[PDB]
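Novice: here is the input, now give the coordinates:
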Amino acid sequence: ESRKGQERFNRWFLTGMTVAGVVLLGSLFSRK
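Specialist: Residues are numbered from 1 along each chain as shown. The coordinates are given below.
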């Protein structure tokens, strides 16, 4: 909502941390 450009997704390195998210998605996404 804020006028700031920041609403765009965090700088790509901080996306690297987002990979730390999906890796948890990599487990939960399916039962063995």
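Novice: before we move on, which element is residue 9 in?
Specialist: Residue 9 is part of no helix or strand, with elements assigned from DSSP states H and E.
Novice: list every C-alpha atom in the helix or strand harbouring residue 22, with coordinates, as CSV.
Specialist: Here residue 22 sits within helix 12-28, counting by DSSP H and E. The C-alpha coordinates for helix 12-28 follow below in CSV (Å, rounded to 0.1, in the frame of the first residue of the first chain):
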residue,chain,number,x,y,z
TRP,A,12,17.3,-11.2,-4.8
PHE,A,13,19.7,-12.2,-2.0
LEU,A,14,16.9,-12.0,0.4
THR,A,15,15.1,-14.3,-2.1
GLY,A,16,18.0,-16.6,-1.3
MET,A,17,16.6,-16.8,2.2
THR,A,18,13.2,-17.4,0.5
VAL,A,19,14.8,-20.6,-0.8
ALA,A,20,15.1,-21.5,2.9
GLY,A,21,11.3,-21.3,2.8
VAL,A,22,10.6,-23.5,-0.2
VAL,A,23,13.1,-26.1,1.1
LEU,A,24,10.6,-26.6,4.0
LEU,A,25,8.1,-26.7,1.1
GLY,A,26,10.3,-29.4,-0.4
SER,A,27,9.4,-31.7,2.6
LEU,A,28,5.8,-30.9,3.4
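Novice: what are the buried residues along it?
Specialist: Along helix 12-28, no position meets the burial threshold by neighbour count (16 or more other Cβ atoms under 10 Å). For every residue, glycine as well, the C-beta is placed using N, CA and C.
Novice: contacting residues around that helix?
Specialist: Residues external to helix 12-28 that are found in contact with it (Cβ atoms under 8 Å, 6 or more residues apart in numbering): 9, 10.
Novice: please tell me how far the residue positioned nearest the centre of the chain sits from residue 7.
Specialist: Ranked by distance to the mean C-alpha position of the chain (Cα atoms, centre = their mean), the top residue is residue 18 at 3.1 Å. In this structure, residue 18 lies at 16 Å from residue 7, with Cβ to Cβ, to the nearest Å as the measure.
Novice: next one: phi and psi at residue 9?
Specialist: Here the main-chain torsion angles of residue 9 (degrees, to the nearest 10) amount to phi -50, psi 150.
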